[PDB]
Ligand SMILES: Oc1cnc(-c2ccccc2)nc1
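Only one chain comes next, encoded as structure tokens, the form solved without this ligand.
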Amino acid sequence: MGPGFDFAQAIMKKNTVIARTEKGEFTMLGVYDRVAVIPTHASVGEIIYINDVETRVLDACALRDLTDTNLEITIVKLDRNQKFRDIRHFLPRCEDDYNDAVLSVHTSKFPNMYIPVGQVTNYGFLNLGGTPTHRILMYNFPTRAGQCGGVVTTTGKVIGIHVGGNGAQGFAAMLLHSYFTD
């Protein structure tokens, strides 16, 4: 509808796949080469389904901060025959607050879904499903089951992936450029 939705659509149309684990179907953001991200609660194993194709997992790492606190981001390297467009230059370098974000989801349950969530707060600490979690972004939208993995964007930046909600607020794990250096 506007330039925020334009940036979101551009990311969804080239840098997302549908990931299926034994814990459900997730929006999965591809970042570069065969490297993608997914919420750690997806419990990625040795095999994952990518757009309904059986795919070997070459590496999976559940990220934690240097205090050994959960970040709720798993970085997955896929045995896929195709690379993602490199979008690392759209990742923030530092923790921040944002205006006017969009949450975008693409699954069997919610295809081509875009939600203007408004202002995004650097919330920090969250007890997420009983797990102490750091680097949480918060937005005041009543997000629902089916939205985990959804991509949070502003104009020009890919800032997070949706990891939970409390019925009134939604919560995303930050994406930082430093997670994807090689």
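Residue indices: 1-based, along the sequence shown.
The next section is about a form of this same protein that is not shown, the form deposited with this ligand bound.
Q) Quick one: is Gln147 in contact with this ligand in the deposited complex, heavy atoms, 4.5 Å cut-off? A) Judged by the heavy-atom cut-off of 4.5 Å, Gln147 is in contact with this ligand in the deposited complex.
**Q.** Partner contact for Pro142 in the deposited complex: this ligand, 4.5 angstroms, heavy atom
**A.** Yes, contact at 4.5 Å.
Q) Which residues from 67 to 101 come close to this ligand in the deposited complex, meaning a heavy atom within 4.5 Å? A) Residues within 4.5 Å: none in this stretch.
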